[PDB]
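Quick setup: one chain, the form deposited in one PDB entry, written in structure tokens, and binding and motion questions come after.
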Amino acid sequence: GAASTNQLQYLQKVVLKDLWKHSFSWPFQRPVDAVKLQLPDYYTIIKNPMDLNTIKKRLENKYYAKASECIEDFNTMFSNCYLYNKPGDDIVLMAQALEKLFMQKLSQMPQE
């Protein structure tokens, strides 16, 4: 509705910024370079990859029609991490910390 622009700017200026500032954001900032990381199965398992810079550019470029498409992308980024890796892997514990912060930020999103 009329608050969609309000919610998308919150996702860009608060949610994305605060996740990026988090010490654990580094491995999620750019697409996984599966050649450099020697992960030849990564993009066979992860058919719908997502990363913070892709979300950042989609927000800047007004790619989203509503904030829910953006939330879906964040959700996919976290879910993909838990899918490819094992419970308890370092990257999974990093993602879980970021997801916890993400859900706090969502709980404070304006209802204007």
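Take the two forms, find the largest set of C-alpha atoms that superpose within 1.5 Å, and that set is the rigid core. One-based numbering along the sequence shown.
Asks: Per the record, averaged over C-alpha atoms, which has the higher B-factor: 5 to 13 or 88 to 96?
Replies: The stretch with the larger mean CA B-factor is 5 to 13.
Asks: Could you settle it for me: does 78 to 86 or 61 to 69 have the higher average Cα B factor in the PDB entry?
Replies: Taking the mean B-factor of the alpha carbons in each, 61 to 69 is higher.
What comes next is about the form deposited in another entry, which does not appear here.
Asks: With the two forms aligned on the rigid core, which of the residues 46, 67, 59, 77 moves its CA by 2 Å or more between this form and the one not shown?
Replies: Flagged residue: 46.
Asks: Relative to what is shown, are the Cα atoms of residue 44 and residue 85 closer or farther apart in the other entry, where the gap shifts by 3 Å or more?
Replies: Residue 44 and residue 85 sit closer together in the other entry.
Asks: Have a look at residue 43 and residue 65: in the other entry, are their Cα atoms closer together or farther apart than in this form, given the change is 3 Å or more?
Replies: Result: farther.
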